[PDB]
Student: 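Dumping the structure here so I can ask a few things about it.
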Amino acid sequence: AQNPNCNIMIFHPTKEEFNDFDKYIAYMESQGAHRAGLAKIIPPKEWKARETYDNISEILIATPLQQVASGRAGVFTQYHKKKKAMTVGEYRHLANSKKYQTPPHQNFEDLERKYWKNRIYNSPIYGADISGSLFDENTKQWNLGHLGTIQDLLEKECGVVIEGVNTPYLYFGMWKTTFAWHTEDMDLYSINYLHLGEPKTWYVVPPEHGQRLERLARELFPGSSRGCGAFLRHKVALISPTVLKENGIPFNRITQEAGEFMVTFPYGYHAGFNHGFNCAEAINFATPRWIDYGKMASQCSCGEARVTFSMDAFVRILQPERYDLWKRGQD
Ligand SMILES: O=C(O)CNC(=O)C(=O)O
Ligand SMILES: [Mg+2]
Ligand code: NI
Ligand SMILES: [Zn+2]
């Protein structure tokens, strides 16, 4: 068995190897990469996502989210308070302000220490989940707006034609902005490209050990657990690496820098934070190996997690028994 300790693997494809996306994913899995839940892909040195970022300031963040924390430093929830619209130029200036900017630090480890010590005492503003793309249309390799669609994968593997579309999302971050512990909708893959700015630190639990994280989360967030049988789908809960180590949960960490891709694999729980002003683009995707994870994915039926038009069809075809109750949650 390849990668039996479930370590995060890092790949350096040549420009020749960067032509066929599907084939490269299948290669990485042949080497055991999926066992970690997360992989890093460093693009060939010849590749570029676009020529410059010089003209992005006029993108609108229609609903910036203020991430307000509750709890203790290593075990907290966050709620998202909606703020007034602002441009990316306005948001970058805010991220660089004395109130919001990255503190002085020695290296990524000292910054990680400061994040876990102090996150709860601040409410950074996250421009998350913005439909759009920063890839130039002329970028032909690993262009997250040109991937094969999940609906087309389901049709190729299973023969069934379904409605829905699959488009990317932009994330504009600042110091302390946080992504809570989650897997993807329908336990899909994700791919995330850091277009510019400061780094993003990731934490991940190997898919084979995902239920260990769930059992810990039910113990740490006991009222949320009684409210919903899949409450990590609400994407609100944080648990620090120190608390994970104290409870014996297997995990890994890695820091992604500008110009790098990350792939998350089916049922790979992940969480993390931004080091400063940055912009990432991400999209979900599928392979043949995903289908079985999709059939088994948990679902939020309490009604909090409230998810896309395209997820309807996935539930309806892969989980027809749940269909019914899940759509009661989504209406
Ligand atoms: O970048 C972020 O805030 C969150 N991204 C993801 O969870 C992902 O790409 O799967
Ligand atoms: Mg612009
Ligand atoms: Ni994710
Ligand atoms: Zn729920």
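FYI, the numbering just counts along the sequence from 1. No hydrogens, no waters, no symmetry mates; every other heavy atom, side chains included, goes into these values.
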Student: Name the one of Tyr169, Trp142, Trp47 that satisfies ring-ring contact (aromatic ring centres under 6.0 Å, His included) with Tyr193?
Tutor: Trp47
Student: With the 4.5 Å side-chain cut-off for hydrophobic clustering, are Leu196 and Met262 part of the same group?
Tutor: no
Student: Is a side-chain donor or acceptor of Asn278 paired with a backbone partner of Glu198 at a separation under 3.5 angstrom?
Tutor: yes
Student: For the side chain of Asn3 and the backbone of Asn7, is there at least one donor-acceptor N/O pair under 3.5 Å apart?
Tutor: yes
Student: Which pair of non-hydrogen atoms, one from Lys117 and one from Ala73, has the smallest distance, and what is that distance?
Tutor: O-CB, 4.2 Å
Student: Taking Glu90 for its side chain and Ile61 for its backbone only, find out whether a donor-acceptor pair lies under 3.5 Å.
Tutor: no
Student: Are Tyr27 and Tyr24 an aromatic pair, judged by ring center distance below 6.0 Å?
Tutor: yes
Student: Do side-chain atoms of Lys99 reach the backbone of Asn96 as a donor and acceptor pair under 3.5 angstrom?
Tutor: no
Student: Is the number of heavy atoms from other residues, nucleotides or ligands within 6.0 Å of CD (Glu321) greater than 12?
Tutor: no
Student: For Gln67 and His80, does a side-chain donor sit closer than 3.5 Å to a side-chain acceptor?
Tutor: yes
Student: Any chance you could lay out the side chain to side chain contact (heavy atoms under 4.5 Å, CB included) test for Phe179 and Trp202, step after step, and finish with the verdict?
Tutor: CA-CA 9 Å; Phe179 52 109; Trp202 301 68; 3.9 Å; yes
Student: More than 12 heavy atoms of other residues, nucleotides or ligands under 6.0 Å from CD of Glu16: is that the case?
Tutor: yes
Student: Looking just at side-chain N and O atoms, do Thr201 and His275 make a donor-acceptor pair shorter than 3.5 Å?
Tutor: yes
Student: Starting at NE2 of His209, measure out to OH of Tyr269 and round the result to the nearest 0.5 Å.
Tutor: 14.5 Å
Student: For the pair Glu109 and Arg253, find out whether any cationic side-chain nitrogen is under 4.0 Å from an anionic carboxylate oxygen.
Tutor: no
Student: Can you see whether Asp312 engages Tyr323 through a side-chain donor-acceptor pair at a distance of less than 3.5 angstrom?
Tutor: yes
Student: Between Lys156 (side chain only) and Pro288 (backbone N and O only), is there a donor and an acceptor less than 3.5 Å apart?
Tutor: no
Student: What's the verdict on side chain to side chain contact (heavy atoms under 4.5 Å, CB included) for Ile291 and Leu153, showing C-alpha distance, side-chain angles and the deciding distance?
Tutor: CA-CA 9 Å; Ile291 294 275; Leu153 178 288; 3.9 Å; yes
Student: Do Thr308 side-chain atoms and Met311 backbone N/O form a donor-acceptor pair below 3.5 Å?
Tutor: no
Student: For residues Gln256 and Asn192, is any side-chain donor paired with an opposing acceptor at under 3.5 Å?
Tutor: yes
Student: Centroid separation under 6.0 Å, is that true for the rings of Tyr293 and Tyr267?
Tutor: no
Student: Does the pair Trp181 and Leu216 meet the rule for a side chain to side chain contact (heavy atoms under 4.5 Å, CB included), with working shown?
Tutor: CA-CA 12 Å; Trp181 281 107; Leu216 178 60; over 6 Å; no
Student: If two hydrophobic side chains count as joined below 4.5 Å and joins carry through other members, does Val204 share a cluster with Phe273?
Tutor: no
Student: Flag yes if more than 12 heavy atoms outside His93 fall under 6.0 Å of its NE2 atom; otherwise flag no.
Tutor: no
Student: To the nearest 0.5 Å, what is the distance between CE (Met86) and CG (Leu94)?
Tutor: 5.5 Å
Student: With a 3.5 Å distance limit and no angle check, can you tell me whether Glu304 reaches the backbone of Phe231 through a side-chain donor-acceptor pair?
Tutor: no
Student: In the structure I gave you, are the side-chain heavy atoms of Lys327 and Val315 within less than 4.5 Å of one another anywhere?
Tutor: no
Student: Do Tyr171 and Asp129 meet the criterion of a side-chain donor-acceptor pair at a distance under 3.5 Å?
Tutor: yes
Student: Hey, are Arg119 and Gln78 close enough side-chain-wise for a donor-acceptor pair under 3.5 Å?
Tutor: yes
Student: Closest approach of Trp175 and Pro124, non-hydrogen atoms and distance?
Tutor: O-CB, 3.5 Å
Student: Please tell me if the side chains of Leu154 and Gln151 come closer than 4.5 Å, counting only heavy atoms from C-beta onward.
Tutor: no
Student: I want to check something: taking the side chain as every heavy atom from C-beta on, are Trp290 and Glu184 in contact at a cut-off of under 4.5 Å?
Tutor: no
Student: Please round to the nearest 0.5 Å and tell me the distance separating atom CG of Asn143 and atom OG of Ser133.
Tutor: 5.5 Å
Student: For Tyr189, is there any backbone N or O sitting under 3.5 Å from a side-chain donor or acceptor partner on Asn284?
Tutor: yes
Student: Between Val165 and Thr149, is the side chain to side chain contact (heavy atoms under 4.5 Å, CB included) condition met? List the steps.
Tutor: CA-CA 7 Å; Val165 297; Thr149 68; over 6 Å; no
Student: Hey, are the side chains of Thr102 and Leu111 touching, using non-hydrogen atoms and a 4.5 Å cut-off?
Tutor: yes
Student: Is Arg35 close to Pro4 at the side-chain level, that is, under 4.5 Å between some pair of heavy atoms?
Tutor: yes
Student: Can you confirm whether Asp22 sits close enough to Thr287 that some side-chain heavy atom of one is under 4.5 Å from a side-chain heavy atom of the other?
Tutor: no
Student: Do you know which two heavy atoms are closest between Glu281 and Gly132, and how far apart they sit?
Tutor: OE2-O, 4.1 Å
Student: Stepwise, does the salt bridge (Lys or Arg N to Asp or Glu O under 4.0 Å) test hold for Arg316 with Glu163?
Tutor: CA-CA 11 Å; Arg316 191 168 74 249; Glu163 70 289 357; 2.8 Å; yes
Student: Distance check, rounded to the nearest 0.5 Å: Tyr91 atom OH versus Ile125 atom CD1?
Tutor: 7.5 Å
Student: Going by heavy atoms in the side chains, are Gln101 and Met174 under 4.5 Å from each other?
Tutor: no
Student: Quick one: pull up OG in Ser301 and CZ in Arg233 and give me the separation to the nearest 0.5 Å.
Tutor: 10.5 Å
Student: Test of understanding: clusters of I, L, V, M, F, W, Y form through side-chain heavy atoms closer than 4.5 Å, transitively. Do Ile254 and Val263 belong to the same one?
Tutor: no
Student: Would a 4.5 Å heavy-atom cut-off, applied to side chains only, mark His105 and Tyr115 as touching?
Tutor: no
Student: Consider only side-chain heavy atoms of I, L, V, M, F, W and Y, link residues closer than 4.5 Å, and tell whether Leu194 and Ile8 are in one cluster.
Tutor: no
Student: Between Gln330 (side chain only) and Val307 (backbone N and O only), is there a donor and an acceptor less than 3.5 Å apart?
Tutor: yes
Student: Return the CG to CZ distance between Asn138 and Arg50, rounded to the nearest 0.5 Å.
Tutor: 11.0 Å
Student: Indicate yes or no for a side-chain donor-acceptor contact from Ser225 to the backbone of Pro222 under 3.5 Å, with no hydrogens or angles considered.
Tutor: no
Student: Hey, can you tell me if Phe261 and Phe18 have their rings parallel, tilted or perpendicular (30° and 60° cut-offs)?
Tutor: perpendicular
Student: Hydrophobic clusters here meaning ILVMFWY residues chained together by side-chain heavy-atom distances under 4.5 Å, can you tell me if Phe11 and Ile191 are in one?
Tutor: yes
